[PDB]
Amino acid sequence: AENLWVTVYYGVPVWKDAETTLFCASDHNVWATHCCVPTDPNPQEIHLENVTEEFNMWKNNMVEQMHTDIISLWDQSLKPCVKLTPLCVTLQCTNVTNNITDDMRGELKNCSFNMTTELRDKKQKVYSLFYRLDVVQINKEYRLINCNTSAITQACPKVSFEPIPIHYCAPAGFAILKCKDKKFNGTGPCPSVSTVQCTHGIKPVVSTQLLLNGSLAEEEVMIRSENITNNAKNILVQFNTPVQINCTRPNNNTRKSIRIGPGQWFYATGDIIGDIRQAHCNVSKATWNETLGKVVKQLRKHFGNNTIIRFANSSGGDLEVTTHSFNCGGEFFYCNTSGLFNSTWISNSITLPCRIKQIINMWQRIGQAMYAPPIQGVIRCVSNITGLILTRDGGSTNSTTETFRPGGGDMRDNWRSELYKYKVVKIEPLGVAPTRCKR
Amino acid sequence: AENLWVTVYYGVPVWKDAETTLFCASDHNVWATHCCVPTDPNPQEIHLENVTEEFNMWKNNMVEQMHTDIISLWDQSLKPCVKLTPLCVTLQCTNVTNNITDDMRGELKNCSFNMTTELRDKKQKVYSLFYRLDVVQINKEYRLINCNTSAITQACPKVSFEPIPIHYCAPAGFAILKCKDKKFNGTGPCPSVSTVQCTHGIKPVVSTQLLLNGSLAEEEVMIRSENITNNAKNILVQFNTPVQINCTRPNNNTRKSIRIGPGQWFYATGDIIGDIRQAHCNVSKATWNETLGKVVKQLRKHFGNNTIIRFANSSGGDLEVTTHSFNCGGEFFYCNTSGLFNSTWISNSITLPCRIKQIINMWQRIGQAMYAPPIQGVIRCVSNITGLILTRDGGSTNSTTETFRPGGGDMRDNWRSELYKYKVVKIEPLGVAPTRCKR
Amino acid sequence: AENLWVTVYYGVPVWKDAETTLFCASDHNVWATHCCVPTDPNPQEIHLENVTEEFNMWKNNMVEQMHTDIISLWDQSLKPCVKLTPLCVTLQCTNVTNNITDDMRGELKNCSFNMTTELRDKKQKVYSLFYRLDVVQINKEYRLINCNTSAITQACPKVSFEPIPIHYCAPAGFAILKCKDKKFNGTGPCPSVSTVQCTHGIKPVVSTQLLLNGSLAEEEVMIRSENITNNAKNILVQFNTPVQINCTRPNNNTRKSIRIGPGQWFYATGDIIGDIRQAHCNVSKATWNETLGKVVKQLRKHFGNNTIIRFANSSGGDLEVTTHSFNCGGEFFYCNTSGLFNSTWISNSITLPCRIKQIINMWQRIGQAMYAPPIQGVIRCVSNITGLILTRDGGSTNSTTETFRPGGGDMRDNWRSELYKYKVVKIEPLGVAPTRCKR
Amino acid sequence: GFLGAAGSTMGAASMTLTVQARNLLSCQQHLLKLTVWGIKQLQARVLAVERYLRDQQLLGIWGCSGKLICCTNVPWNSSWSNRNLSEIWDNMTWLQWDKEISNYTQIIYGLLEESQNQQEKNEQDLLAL
Amino acid sequence: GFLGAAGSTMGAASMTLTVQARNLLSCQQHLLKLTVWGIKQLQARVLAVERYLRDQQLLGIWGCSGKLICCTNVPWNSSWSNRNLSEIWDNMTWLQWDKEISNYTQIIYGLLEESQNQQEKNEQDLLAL
Amino acid sequence: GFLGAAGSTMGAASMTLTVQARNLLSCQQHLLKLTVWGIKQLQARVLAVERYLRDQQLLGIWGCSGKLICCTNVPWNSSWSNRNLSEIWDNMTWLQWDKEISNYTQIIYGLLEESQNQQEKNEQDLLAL
Ligand SMILES: *[C@@H]1O[C@H](CO)[C@@H](O[C@@H]2O[C@H](CO)[C@@H](O[C@@H]3O[C@H](CO)[C@@H](O)[C@H](O)[C@@H]3O)[C@H](O)[C@H]2NC(C)=O)[C@H](O)[C@H]1NC(C)=O
Ligand SMILES: *[C@@H]1O[C@H](CO)[C@@H](O[C@@H]2O[C@H](CO)[C@@H](O[C@@H]3O[C@H](CO)[C@@H](O)[C@H](O)[C@@H]3O)[C@H](O)[C@H]2NC(C)=O)[C@H](O)[C@H]1NC(C)=O
Ligand SMILES: *[C@@H]1O[C@H](CO)[C@@H](O[C@@H]2O[C@H](CO)[C@@H](O[C@@H]3O[C@H](CO)[C@@H](O)[C@H](O)[C@@H]3O)[C@H](O)[C@H]2NC(C)=O)[C@H](O)[C@H]1NC(C)=O
Ligand SMILES: *[C@@H]1O[C@H](CO[C@@H]2O[C@@H](C)[C@@H](O)[C@@H](O)[C@@H]2O)[C@@H](O[C@@H]2O[C@H](CO)[C@@H](O)[C@H](O)[C@H]2NC(C)=O)[C@H](O)[C@H]1NC(C)=O
Ligand SMILES: *[C@@H]1O[C@H](CO[C@@H]2O[C@@H](C)[C@@H](O)[C@@H](O)[C@@H]2O)[C@@H](O[C@@H]2O[C@H](CO)[C@@H](O)[C@H](O)[C@H]2NC(C)=O)[C@H](O)[C@H]1NC(C)=O
Ligand SMILES: *[C@@H]1O[C@H](CO[C@@H]2O[C@@H](C)[C@@H](O)[C@@H](O)[C@@H]2O)[C@@H](O[C@@H]2O[C@H](CO)[C@@H](O)[C@H](O)[C@H]2NC(C)=O)[C@H](O)[C@H]1NC(C)=O
Ligand SMILES: *[C@@H]1O[C@H](CO)[C@@H](O[C@@H]2O[C@H](CO)[C@@H](O)[C@H](O)[C@H]2NC(C)=O)[C@H](O)[C@H]1NC(C)=O
Ligand SMILES: *[C@@H]1O[C@H](CO)[C@@H](O)[C@H](O)[C@H]1NC(C)=O
Ligand SMILES: *[C@@H]1O[C@H](CO)[C@@H](O)[C@H](O)[C@H]1NC(C)=O
Ligand SMILES: *[C@@H]1O[C@H](CO)[C@@H](O)[C@H](O)[C@H]1NC(C)=O
Ligand SMILES: *[C@@H]1O[C@H](CO)[C@@H](O)[C@H](O)[C@H]1NC(C)=O
Ligand SMILES: *[C@@H]1O[C@H](CO)[C@@H](O)[C@H](O)[C@H]1NC(C)=O
Ligand SMILES: *[C@@H]1O[C@H](CO)[C@@H](O)[C@H](O)[C@H]1NC(C)=O
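Residue numbers (PDB author numbering), protein chains in the order written: chain D, 31 to 57, 66 to 141, 150 to 184, 186 to 187, 190 to 309, 312 to 321, 321A, 322 to 398, 413 to 503; chain A, 31 to 57, 66 to 141, 150 to 184, 186 to 187, 190 to 309, 312 to 321, 321A, 322 to 398, 413 to 503; chain C, 31 to 57, 66 to 141, 150 to 184, 186 to 187, 190 to 309, 312 to 321, 321A, 322 to 398, 413 to 503; chain F, 521 to 546, 561 to 663; chain B, 521 to 546, 561 to 663; chain E, 521 to 546, 561 to 663.
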């Protein structure tokens, strides 16, 4: 009766959820190269009036995409460097005692061994220092820890892994939508959507227990989880103020280069210059014991105004789980965080010792090991704690006192909080509608 | 006079013969991955009325395409596994005698040798069993057979090469045409053409002399050849009924894992549990000596109603030529087929012993060798003999008695019979013709 | 007032300078394969009437493109061949004295050493001859020269690097413009431009000091430079007549193949058959001392009718700088050119001894070395000297006598003179102009 | 302003069709050596081209070519959406509309293809006449 | 039914032009790691696109764009095929026809290109008038 | 004769537009194994396709499709080039002309896009009327 006909339109502003490959883009570092295409210096962020969309940070393929690419890049940049297979020999070791402080006793070992020279038919006696974490006893015979499980390679002493903020950008035909609501918590509709060409800069920082160098929420400390109720799930906490942490490795180190083949050099840790001290991190007591008060108030929102909130130490397991894995300056620290989670909250300078390790299983895989060459001199790091990874045990439904503990994580979780506001969609420009025109 | 003009048409159903790359597609196996794209569960086979085309199975590039890809995939899946270079040492060997049946005497050797441990500076004494085919005498000193010619690697003990039916599918702009006539024999016009998206499933089975697990002709046993007259060419015979063959390796095997480096494991054959017996295959006598009668009748069609047809044994040469190469369960068998070809035909349970080999030159190339890890327990295989590869010598023009022998082949020949009915063409949608219209 | 409208045209013959990837194309050699796509046998060279363009040979990315690709191809063709790491052993060496001419005394060394056999646990005593340039003293103990710096591999004794003329061809949307003026000298407008599909054939010849086997200018000897005035820059001289040079390596060589592993063969230089003589090159005195007269006249054009021109020997530095690097027959010669540049010019058979080297650092990089297998029999080379690479020192502004010396170069310079006439542009087919039509 | 019309009504959004259309089509050694990232960039570029061309082919087949808006002769079925024009062009977005139509997409496309085949045959015959 | 009209006469086959046209344009880590099979899949896809576009460019140049059937002003040469219409449109397939014409393909294409260049110049001049 | 008209005047060069257009769109194991040269050949081919398509999309958006010459309704601004027609079509090449216009290229393209959007809306409304 209406006599309407199908009219075809092309260029219709309609889109559907999609999963594609984002291409990277920055502004001797590995991310200096794998993010060359410069971002626009003035990204074209477009506010969309009257657009509401559903977001889900726990099902975000951008998180998965970053994870795959960080690992893939990592193992490509180290591909051409010298293998340390020849170092997997029987070592003769003793304790380092020369000016070692009492707190470090037995931590370092002085090992001598028979290793080849550049000529196939000649050997040399060399020695180097190792941290005890990487040396396994076989009266003085020791083995490197990776020898019964994996191949060990030397990280290229030229390749930098200092985090670089990187941006993800959409390919043609795609767009990245950003959630700009306030107090968005993981999932559900976000009645404030803006379209961008690229994400903000995100640093590919790797850590456990404490989240470092991210965005500081916006208004208030926020608690997010896939489930909350199910204690098997993690709770991510994002701070609205940084807690500054100062970490150091005080020993003044030197290096020696040992030929292990024709054009193949091994970097060994030499004698420590001066007094030998323990690595550690400083957290301001008066900032931490205030920042947690904000976390506690937000937890009561879900756990009860009259409940008891307790922060306990970490649980059992290996260093990668029970300690704070901290990568800084090029060295790997394993810090003891028990001094940060020791309190009971009711309704009404902190020093963390650290260990240093050189043989690192960078990703939880079997068959590879990375040797981190030592850094000359001393190192000091300054960083922003921007959040927590917490787990929960009990209370709630039984008898008060929910216990929260710092936990480990899946790597992804450290990026999940920054990729949090973004979703990838594809544009579908064709569509039809009834009109009054006929050819 | 006719006042006709050129009219341009696009979308014309015309095509020309073409050679392109087909992409694979199935429904820890290597073909689980290199054929992911699923086929349509209901392929769109279209009968073409009144279409006759020339086919040629001997010039079919689909056969060549499969050959290149089977080899290429083979050497990629085994690329990351451990090399066995360190095993190429002087061995001290003796005969296996403990409960060995008389028929197996001297077949297995017990070899001990000096091999390294995971540490560069330590050695271990180990021993393993080998089949005599892979061990060469240098009074008791032996070498592995590949040492003077090629590098040897261990097949990955996780990668499966069990044949998977795979399908080939045309890329956009191409189509695969199928010959659906009856009794089509290699070359010439086929007045029954159907268009398909993909081929039927073809299993990438590798064998010599006997063709296994293919399609069972349709109506009658068929004999096909590039030439027939020229005895230098092979004759392929496709059966219209399977002959069931049951093969086994009865020895109950075990395995031991030997460290040969940091994260590098070698799989050795350990002691045989219980009685040691000879590998063999069973062919039903009453099926074989009937199936050949059909083959003989079809041969008389080309060789004479009153001639004499004789099936003789294989000729000289190495195992890959003179025996039936059979790959089953992951082990390599070399079976003696003389019991299958021993008869004279005129107008009017069979047991085949087998040998087992572990160092396999999988393709006829120089510089590589594959070590097949042993299978624990025992294996039994059931398969369908679907055809023969035969060669001819004499008779015909001289003085009766054509002799037929099982022959070897070019690998391709085992796929040639399944890719037999398919041809690849490209579509050329533009064309012109005279009409009565002017702009 | 004119009432003109924008009219859009597509297919406009307009272009802009551009840098893209050219694809190669020829007519066991590496360039037999990396230049397969055949050129058109009759290239469509189109003269452009009234077209003048600016060319610059010193900023030509085609030169850079060739350089990157010659190196990239070089290291790919040698990728799969055997490493000679096991040869880096302590050598026991003495002088070769059997029928060695006096001029060659001490040039060759007879070295014996302990090298492994195909079995990991066995050794063999072998010996081979080396040129003294590749052997470094450690009373008789010697090392191969590359052992303290780089990995050494054996050039594949099957891969040919004989120069093949190759052509560069434009990709779709691009064109190569050729400068066809006469007496064009490096930079500036060329009022004679022709469009081609591909360049002429250019042989990828590598040399120092003397330019070999190129195009012989056209009318007169030409001198080209980036600057002329700045003596820090090189001067390239292109001859209008070839000077024929005959080079040889007279010693009758043999070879032996030594197993150094399973399927791994090393090619050693065996005893010299007959008398041992010095390698050398012949330049006709009566051609050289005439060809330079032309060069001198052209130099006076820029340096003064009444100045003094002196040709002096090369300066200090290593062989790759101070000698004529000549690659011929597959062997590497280092020839002494002092006999060619020893004269003072005013207004009014030459024998060059050569050394042979086997361990070659083919490109000026650190960490790789190529071993050139010896050639059996003797070799003789005939080539065309087509130009010079000269440097200048003083005179001009001080007190007469400009001194010219043969110099080294950047590799690129040997191709720069052939890629000299070509420029790459891209076509931009859209444009607009005012017309009198309205829709 | 690429998706700026997303919250606009269907009618108002018809004025930005070129804004969306122009954004549907569009290092050195790092990607060339890292032959594991190049063969992502090529895949991304090839896909963008293929998607663009599939849309152009459908428009061509339906008789709508070189235009952003085309009238066709296929009648609207009230059964695909029993709404009047004042419910569609005003007070509704294109995103909402797609949800209303989705299931009938293939019916409509098939009808558009058939209409053009008939139209082309008629043109050829009329010109010959 | 992609090649279903293959045995049909040239006339009858004109009704399936969209059947053939729609089929001329159109894992994860396995192909990305096996950077020796990826760079077959990319080649296959790139080629399909290039072939499609070459046909579209010729149609565009000849003045036939966005249509499956176009009349042109180039007269038919009886020397290319001295047959009447009842021998061509009836009782003959397109495959047979291609064999009849093959050698004259380039002549016809060259003529179509020239015709369009003249037609476009005339349009520009007529509009200005 | 691909760039044969390069020295011709703008007017004369209008007769070779198909010469230039036809050349803007267009081993085995060596490139497949040398997966460091293949992923140059694919890049070269993909780029040629993308460049071709970007030009075609602009022509489509401006209302100029399937033609080498299109009149548009955007008036010429004397401020972009204050020359008369006898200075432009005669005694001047296209290469020189591009230098004269260059800076105003984006203004002109933006105007052409706007003109077509208005023209399409008017067609839809007129047909409904
Ligand atoms: C390197 O330094 C460490 C740290 O001092 C040395 O470890 C020491 O090892 C001895 C023997 O294993 C431990 O003594 C034993 O303690 C148990 C405790 O009940 C006692 O029952 C035994 O009778 C004996 O005293 C000693 O405590 C331990 N040191 C510490 C702080 O625990 C290590 O041996 C040194 N390695 C060397 C010198 O190679
Ligand atoms: C492992 O078992 C095999 C199988 O028995 C042993 O082979 C045997 O080797 C001996 C010596 O080479 C053969 O004996 C000789 O036979 C010839 C035949 O004419 C005869 O002239 C000689 O005087 C002598 O008797 C013996 O026949 C052969 N066995 C068979 C079945 O052929 C092999 O030596 C055993 N290896 C060991 C114990 O290391
Ligand atoms: C291989 O042949 C070369 C060439 O003859 C041998 O070199 C010779 O080495 C000796 C000792 O180093 C040189 O003699 C010394 O010369 C200096 C010159 O002032 C003199 O002061 C010393 O008292 C002594 O005479 C000898 O000149 C040198 N030959 C030449 C031509 O320079 C080399 O030693 C031979 N290598 C062997 C046999 O291993
Ligand atoms: C081991 O320590 C001694 C003592 O150093 C003191 O204690 C240290 C913990 C730190 O506080 C130093 O600054 C203190 O001076 C070192 O010997 C001293 O070396 C300085 C160097 O100039 C010298 O002036 C002092 O007189 C020295 N004192 C003595 C008793 O010798 C000693 O060198 C250190 N050993 C090593 C290996 O570093
Ligand atoms: C070697 O064989 C003996 C005998 O086994 C018998 O003969 C075999 C061929 C097979 O037919 C077996 O089933 C027969 O029993 C093995 O010794 C026997 O082991 C079984 C195990 O329970 C035992 O009951 C018998 O009494 C044993 N007989 C004797 C004489 O010891 C023997 O273990 C076999 N050796 C190996 C290494 O397996
Ligand atoms: C070393 O040289 C002798 C002498 O050869 C002569 O001088 C040479 C430089 C060259 O000119 C040869 O042609 C000369 O004949 C070689 O011994 C001669 O070998 C030939 C071979 O038939 C023989 O006829 C001569 O009589 C031989 N003369 C003598 C004195 O033996 C000798 O073989 C050469 N050594 C080597 C390792 O080649
Ligand atoms: C194949 O050929 C047969 C005849 O040779 C075609 O069948 C004819 O189709 C016309 C269509 O109207 C009928 O009128 C005739 O009576 C049919 N003939 C017979 C004998 O039945 C058939 O259509 C052809 N196939 C194709 C694809 O054209
Ligand atoms: C090196 O080998 C020799 C061989 O006897 C041994 O004595 C020495 O202790 C070894 N050195 C080390 C540090 O293992
Ligand atoms: C870190 O060092 C800075 C240096 O001035 C200091 O101000 C800050 O308080 C330190 N942080 C902590 C946690 O002590
Ligand atoms: C291992 O080496 C020792 C060294 O003397 C030798 O005696 C022994 O027989 C060797 N063992 C084997 C099995 O080769
Ligand atoms: C193979 O085993 C099955 C098992 O039942 C048997 O029926 C069949 O006859 C056997 N085949 C032969 C050839 O004996
Ligand atoms: C090989 O090794 C033995 C071991 O004593 C030594 O005597 C001999 O001189 C070595 N040979 C060479 C040529 O180095
Ligand atoms: C090179 O050899 C040829 C051979 O005939 C000779 O004619 C020519 O003069 C030689 N060249 C020189 C520079 O002597």
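Yeah, the Cβ is synthetic: ideal placement off N, Cα and C, and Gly gets one too.
#1: Give me every residue whose Cβ sits closer than 5 Å to any heavy atom of ligand 7, in chain order.
#2: Do the region 629 to 645 of chain E and the region 523 to 537 of chain F meet, that is, are 3 or more Cβ pairs less than 8 Å apart?
#3: Distance check for residue 455 of chain A and residue 471 of chain A, CA to CA, integer angstroms please.
#4: List the DSSP bridge partners of residue 16 of chain D.
#5: So what does DSSP say about residue 293 of chain D, is it helix, strand or coil?
#6: For residue 642 of chain E, does the three-state DSSP call read helix, strand or coil?
#7: Considering only residues of the same chain and omitting the five flanking positions on each side of residue 393 of chain D, which have a CB-CB separation below 8 Å?
#8: Just reading off the alpha helix (DSSP H) that residue 346 of chain A is part of, what are its end residues?
#9: So, does the CB of residue 131 of chain C fall closer than 8 Å to a CB anywhere in chain D?
#10: Would you report the Cα separation of residue 656 of chain B and residue 663 of chain B, rounded to the nearest angstrom?
#11: So within the region 571 to 656 of chain F, which uninterrupted beta strand (DSSP E) runs reach at least 3 residues, ignoring any that extend past its ends?
#12: Please say whether residue 415 of chain A and residue 431 of chain A have beta carbons closer to each other than 8 Å?
#13: Using the C-alpha atoms, what's the distance from residue 291 of chain D back to residue 622 of chain F?
#14: Kindly indicate if chain C contains any beta-carbon less than 8 Å away from that of residue 200 of chain A.
#15: Between which two residues does the beta strand (DSSP E) harbouring residue 395 of chain D extend?
Taking the coordinates as given:
#1: A/87, A/88, B/527 and B/528
#2: no
#3: 6 Å
#4: Lying before the first or after the last residue shown, residue 16 of chain D is absent from chain D, which here runs from 31 to 503.
#5: strand
#6: helix
#7: 339, 342, 360 and 361
#8: 335 to 353
#9: no
#10: 11 Å
#11: 603 to 609
#12: no
#13: 50 Å
#14: yes
#15: 393 to 395
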